[PDB]
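Only one chain is included here, represented as structure tokens and corresponding to the form deposited in one PDB entry.
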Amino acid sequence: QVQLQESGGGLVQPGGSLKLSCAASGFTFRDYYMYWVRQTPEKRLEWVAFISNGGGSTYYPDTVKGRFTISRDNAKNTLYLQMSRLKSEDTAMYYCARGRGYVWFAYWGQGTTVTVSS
């Protein structure tokens, strides 16, 4: 059974940085694409970042492209999301998701909330 566990959220300030982690288990981490998807207070879902099996390719929406960095350490079975120059608009619940074939978000984590206040 697949398990994804996020960590690292909390109350932060605009301009700061924060790094989120997602501990994976129940599957061979290195054999799958991993993603980060967030849900804002208004309930809207937003894809935030994607990384390939061995970390060779990464893609982001133009909304976070120059501020967020997705990375992974396959030896630790962990996915990361480095967030810099935090904006109020970054306030949301962040989820890590694992794909399956052509399906992007086949498996989701529990989510960690990042609250940016101003």
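Start at 1 and count along the sequence shown; that's the residue number.
A second form of this protein, the form solved in complex with a partner chain, is not displayed here; the remarks below concern that form.
**Student:** So, in the deposited complex, is residue 80 in contact with its partner chain at a 4.5 angstroms heavy atom limit?
**Tutor:** Flag for residue 80 set to no.
**Student:** Does its partner chain get within 4.5 angstroms of any non-hydrogen atom of residue 68 in the deposited complex?
**Tutor:** Although its partner chain is absent here, residue 68 would stay clear of it in the deposited complex, with no heavy atoms inside 4.5 Å.
**Student:** Does the 4.5 Å heavy atom contact test between residue 31 and its partner chain in the deposited complex come out positive?
**Tutor:** The answer is yes: residue 31 has a heavy atom within 4.5 Å of its partner chain.
**Student:** At 4.5 Å between heavy atoms, is residue 19 in contact with its partner chain in the deposited complex?
**Tutor:** No, residue 19 sits far enough from its partner chain in the deposited complex that none of its heavy atoms falls within 4.5 Å.
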